[PDB]
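Worksheet for the structure shown next.
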Ligand SMILES: COc1cc(-c2cncc(-c3ccc(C4CCN(C)CC4)cc3)c2C)cc(OC)c1OC
Ligand SMILES: COc1cc(-c2cncc(-c3ccc(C4CCN(C)CC4)cc3)c2C)cc(OC)c1OC
Ligand SMILES: COc1cc(-c2cncc(-c3ccc(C4CCN(C)CC4)cc3)c2C)cc(OC)c1OC
């Protein structure tokens with residue numbers, strides 16, 4: 001039995017503090033290879049521990065292929081190998097692309113579907129999982145118009161890293177340090193907040209009556225680039241600001257319904273927020 005492990009790294013499609021992602025080739029097929037920085041080894045360990053616990057398989061979860069640790073002279077090399085989505089991240093896609101009603105709904109319902117799959121405990125199955133870093137850069141666009149959720153490096157599991165989430169997307173109870181850290185439902189409610197921000201980013205790019213908004217990240221109008229923890233706490237907790245809903249949305253039945261959904265993801269009180277399952281149901285009754 002020959003075990004062909006060679007992956008050809010062809011082009012770098014992302015670089016950050018986390019490390020790099022490459023388009024690679026295995027046996028003639030594209031794969032995505034995440035090479036971790038020493039800085040973020042704990043993200044590789046957590047994603048690997050999760051997949052060693054439960055082999056997630058869902059059309060709206062980035063598909064796992066392999067976790068590799070390789071001994072080097074003076075270091076350990078850590079790779080995560082996944083399915084490759086050539087259209088790139090939702091963040092990337094929304095910069096130039098506008099959406100119609102069908103494509104907007106298909107994107108956001110596919111995300112809700114992936115998120116509900118993470119959140120739900122299945123007996124027999126899977127533990128319940130909270131993501132803890134949901135954002136448009138951690139969502140990939142598939143050729144079929146659905147998305148998938150990536151990066152379980154901060155995920156938490158329930159049955160019975162010093163990395164923290166992206167500050168721009170942190171829920172109020174994270175910023176004001178009131179989150180009940182011993183309560184699994186707390187982490188689901190943090191994901192729902194972040195989902196609502198992603199819903200807003202997508203809805204802005206849906207055309208209605210010949211109008212569309214430019215791509216902006218959540219809170220673009222009230223915080224700097226690379227906002228501090230304090231910048232975010234003042235906006236979200238002290239002033240209790242929420243992203244703007246443009247007037248033009250209220251002429252479109254889809255965007256009107258999506259604005260109501262966003263509102264119900266953004267309550268200050270975490271336990272008032274909708275569940276991923278209720279978001280899916282609401283999205284299936286829109287249009
Ligand atoms: C170790 O490393 C890597 C391996 C591979 C890879 C390459 N060919 C064949 C395999 C294979 C799968 C499954 C079995 C089964 C069948 C027989 N029996 C009932 C249980 C065992 C055997 C062999 C693998 C796993 C790819 C890699 O990258 C994509 C690897 O590195 C990350
Ligand atoms: C890691 O990833 C990929 C792996 C492979 C791959 C390569 N050799 C052998 C296998 C295999 C054969 C047989 C069994 C089972 C089936 C019967 N059962 C009762 C026990 C044994 C499992 C595994 C696979 C799956 C192909 C891939 O792509 C086409 C992979 O994806 C990149
Ligand atoms: C978020 O997280 C992970 C993501 C991925 C991943 C999987 N498919 C495709 C991509 C990708 C491809 C291409 C572009 C751009 C670059 C060129 N041009 C400007 C248009 C297209 C962007 C993105 C990625 C980054 C893999 C991961 O692990 C292996 C990730 O980490 C879990």
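Scan segment 68-90 for residues that are more than 9 Å from ligand 3 (Cβ to nearest atom) and crowded, with 17+ Cβ neighbours inside 10 Å and report the count.
Qualifying residue count, segment 68-90: 2.
Considering segment 91-102 alone, what residues qualify as being touching a strand residue (DSSP E or B) at 6+ places or on another chain (Cβ under 8 Å) and loosely packed, with under 14 Cβ neighbours inside 10 Å?
Selection gives 100 alone.
Among the candidates 161, 138, single out the residue that is closer than 26 Å to residue 13 by Cβ and surrounded by fewer than 22 Cβ atoms within 10 Å (Cβ to Cβ).
Criteria check complete, one pass: 161.
Please note: Cβ atoms are built from the backbone with ideal geometry, for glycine as well, and neighbour counts cover all protein chains shown. Laboratory data are not the source of any read-out in this text; all were calculated from the coordinates shown.
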